[PDB]
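Asker:
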Amino acid sequence: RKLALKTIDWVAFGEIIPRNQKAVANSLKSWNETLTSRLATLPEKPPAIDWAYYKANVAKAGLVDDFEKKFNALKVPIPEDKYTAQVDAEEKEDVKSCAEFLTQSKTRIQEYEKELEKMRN
Amino acid sequence: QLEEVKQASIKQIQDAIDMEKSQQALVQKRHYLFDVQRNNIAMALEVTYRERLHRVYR
């Protein structure tokens, strides 16, 4: 593909606790951050060929021109990647957050804080 | 008298606090996680486009 970025929020990131994916985050930060700076390095593209010249002193200039036309024409596919199941490996330990403790916590918060007033009396 | 009143006063807010923290935590960490899991994948990607242009040009 190329670079992407979402909600990189490092403190809560590691914090997860779905344990076989909990551990991953702690490393995945550093794998990532190393990653982020390493991209931040490269050039994207290199020069554009001085074809006018390379004909000059590649006087096998059929080769130059062959490769020239090919280079002028030459347009890479883009990379491979595969972990766009992580999008959904998210949604699972995206409902864990939700269900487990979204709802638990509202429920629990209700009785307790409510539970403040009446026993405050 | 005063003992039992302070026992109740502790327990009631306690319960608030700990649940409200438990909610807030999982929301934040995951919505953060949602985007971290991006970022991981996609970094790889931009690298390979960068690399291609050098690689062919060499």
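Chains as they are written, first to last, in the authors' numbering: chain U, 3 to 123; chain T, 59 to 116. Note that the Cβ used here is the ideal one computed from N, Cα and C, for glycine as well.
1) Using the Cβ count rule (16 or more neighbours within 10 Å means buried), how would you classify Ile-68(T)?
2) Would you call the stretch 86–101 of chain T in contact with the stretch 11–27 of chain U, where contact means no fewer than 3 C-beta pairs closer than 8 Å?
3) When the cut-off is 8 Å and only beta carbons count, does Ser-29(U) lie next to chain T?
4) Assuming the contact rule is C-beta atoms closer than 8 Å, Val-114(T) and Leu-76(U) should be a hit. Round their C-beta distance to whole Å, please.
5) Figure out for me which residue from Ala-6(U), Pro-20(U), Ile-80(U) and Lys-4(U) has the closest Cα to the Cα of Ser-99(U).
6) Closest by CA to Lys-79(T), which one among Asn-123(U), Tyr-114(U), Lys-120(U) and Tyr-85(U)?
7) Please name the residue in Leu-118(U), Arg-122(U), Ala-50(U) and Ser-29(U) whose C-alpha comes closest to that of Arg-116(T).
8) With 16 other CB atoms within 10 Å as the buried threshold, where does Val-66(U) fall?
9) Would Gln-65(T) pass as an interface residue toward chain U - the criterion being a Cβ-Cβ separation below 8 Å?
10) With 16 as the cutoff for other CB atoms within 10 Å, does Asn-123(U) come out buried or exposed?
Answerer: Taking the coordinates as given:
1) Looking up residue 68(T) in the second sequence gives position 10. Answer is exposed; the Cβ neighbour count stays below 16.
2) These segments touch.
3) For the purposes of this step, residue 29(U) is taken as the residue at position 27 of the first sequence. No, its Cβ sits nowhere closer than 8 Å to a Cβ of chain T.
4) The residue labelled residue 114(T) in the question sits at position 56 within the second sequence. The residue labelled residue 76(U) in the question sits at position 74 within the first sequence. Right, the Cβ-Cβ distance comes to about 7 Å (below 8 Å), so this counts as a contact.
5) Walking along the first sequence from the start, residue 99(U) turns up at place 97. Taking only the C-alpha atoms, the option nearest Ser-99(U) is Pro-20(U).
6) Position 21 of the second sequence, counted from the start, is the residue given in the question as residue 79(T). Cα-wise, what sits closest to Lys-79(T) is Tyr-114(U).
7) Here residue 116(T) corresponds to residue number 58 of the second sequence, with the count starting at 1. Closest by alpha carbon: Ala-50(U).
8) In the first sequence, the residue the question calls residue 66(U) occupies position 64. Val-66(U) should be labelled buried.
9) Here residue 65(T) corresponds to residue number 7 of the second sequence, with the count starting at 1. No, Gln-65(T) does not count as interfacial toward chain U.
10) In the first sequence, counting from the first residue as 1, residue 123(U) sits at position 121. It counts as exposed.
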